2 protein chains.
Amino acid sequence: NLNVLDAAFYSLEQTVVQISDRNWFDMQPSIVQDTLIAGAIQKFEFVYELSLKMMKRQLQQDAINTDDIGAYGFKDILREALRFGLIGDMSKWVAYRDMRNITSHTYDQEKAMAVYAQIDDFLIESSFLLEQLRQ
Amino acid sequence: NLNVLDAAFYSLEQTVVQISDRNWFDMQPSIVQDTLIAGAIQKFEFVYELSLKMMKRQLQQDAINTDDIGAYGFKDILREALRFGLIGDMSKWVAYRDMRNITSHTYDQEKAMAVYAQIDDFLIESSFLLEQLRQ
């Protein structure tokens, strides 16, 4: 499992890299560009959703009990994830959830630009998150 | 707002066309090939969702004295849409949702190929719907 989040993190990272190579990206027809952006938003969603689940799982393995939060709030998952040092800034994640909740609006190109602009930062935290989880 | 459904559809279609250009697509780097399939899948989700939003608004504005069509779930919307000849086979839209509900597993390349392969048919059906709504 953790391998899966790991494979999904890299594929996202790799994807931003290709899109970053501004030489090759600007050459491509516009439909190729917007499809890569969408594929990147889709890969963002995977890492985000896989991250929560791995994060919820570590949390359940380290708690006094799973009854408490696992049927309880996002924010509570974060604070707790923060306490065990799983993440560094629950404000990045509150933001990430806001991001994920609107990816379904991504057919609008502006909105797509807006989500893609936040992905590089996104890679940072999730990178941290996963490092934590490897240990 | 019919324009959005129309433009998401056409943008999907155009995505599928570039992907089918085997000579062009076989040359691309590995990460470009799958980001593109990732993206086409994301785009499939947009038309599906929008297509259902439109059947909904259609039935919601159509005969309804705006009877908070909330009492309505997926299958009522599909049944009403059939009553209006907006779709012609609901077993298919039922299957498009099962497809939609597994796209979150698309980080696995094989599951992703399996969903992408179903896009051609989706285009036929989704385009019929858009035809009826055009009137």
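Residue numbers start from 1 in every chain, and the chains themselves are labelled A, B, ... in the order their sequence lines are given, proteins ahead of strands.
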Trainee: So A:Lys43 and B:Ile31, side chain to side chain contact (heavy atoms under 4.5 Å, CB included) or not? Walk me through it.
Mentor: CA-CA 12 Å; A:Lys43 299 211 201 162; B:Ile31 195 62; 3.2 Å; yes
Trainee: List the steps and the verdict of side chain to side chain contact (heavy atoms under 4.5 Å, CB included) for A:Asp108 and B:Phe46.
Mentor: CA-CA 10 Å; A:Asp108 169 289; B:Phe46 299 143; over 6 Å; no
Trainee: Please indicate whether A:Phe84 has more than 12 foreign heavy atoms, meaning atoms of other residues, nucleotides or ligands, lying under 6.0 Å from its CZ.
Mentor: yes
Trainee: Please indicate whether A:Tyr72 has more than 12 foreign heavy atoms, meaning atoms of other residues, nucleotides or ligands, lying under 6.0 Å from its OH.
Mentor: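 Open.
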Trainee: Is A:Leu5 close to B:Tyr107 at the side-chain level, that is, under 4.5 Å between some pair of heavy atoms?
Mentor: no
Trainee: Distance from B:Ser104 atom OG to A:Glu49 atom CD, nearest 0.5 Å?
Mentor: 7.5 Å
Trainee: Is it the case that more than 12 heavy atoms not belonging to A:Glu110 sit under 6.0 Å from its CD atom?
Mentor: no
Trainee: Does B:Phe25 CZ have over 12 foreign heavy atoms under 6.0 Å away?
Mentor: yes
Trainee: Non-hydrogen atoms of chain A under 4.5 Å away: do they reach the side chain of B:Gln14, the backbone, both or neither?
Mentor: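 Both backbone and side chain.
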Trainee: Based on non-hydrogen pairs under 4.5 Å, which of A:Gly39, A:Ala40, A:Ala8 is most in contact with chain B?
Mentor: A:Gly39
Trainee: Given that the side chain runs from C-beta out, which part of A:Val4 has a heavy atom under 4.5 Å from chain B: side chain, backbone, both or neither?
Mentor: side chain
Trainee: Of all of B:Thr35, B:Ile41, B:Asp34, B:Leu12, which one pairs up most often with chain A through heavy atoms under 4.5 Å apart?
Mentor: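 Most heavy-atom pairs under 4.5 Å with chain A: B:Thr35.
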Trainee: Just checking A:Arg79: does its CZ atom have more than 12 heavy atoms from other residues, nucleotides or ligands closer to it than 6.0 angstrom?
Mentor: yes
Trainee: Heavy-atom count check: over 12 atoms from other residues, nucleotides or ligands less than 6.0 Å from B:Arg97 CZ?
Mentor: yes
Trainee: Select one option (side chain, backbone, both, neither) describing which atoms of A:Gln33 are under 4.5 Å from chain B's heavy atoms.
Mentor: neither
Trainee: In terms of hydrophobic clusters joined by side-chain contacts under 4.5 Å, are B:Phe122 and B:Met113 together?
Mentor: yes
Trainee: When you look at CZ of A:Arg22, are more than 12 heavy atoms from neighbouring residues, nucleotides or ligands closer to it than 6.0 Å?
Mentor: no
Trainee: Are side-chain heavy atoms of B:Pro29 and A:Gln18 found at a separation under 4.5 Å?
Mentor: yes
Trainee: Which one of A:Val17, A:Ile19, A:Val32 has the most heavy-atom pairs closer than 4.5 Å to chain B?
Mentor: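 Most heavy-atom pairs within the cutoff with chain B belong to A:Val32.
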Trainee: For A:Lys75, does the NZ atom sit with more than 12 other heavy atoms under 6.0 Å from it, leaving out its own atoms?
Mentor: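 Open.
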Trainee: Could you report the tightest heavy-atom contact between B:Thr106 and A:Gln42, atom names first, then the distance?
Mentor: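 Closest pair (atom of B:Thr106, atom of A:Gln42, distance): CG2-NE2, 4.0 Å.
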Trainee: Top residue by heavy-atom pair count (under 4.5 Å) with chain A, among B:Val47, B:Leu50, B:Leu36?
Mentor: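 Answer, by heavy-atom pair count under 4.5 Å with chain A: B:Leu36.
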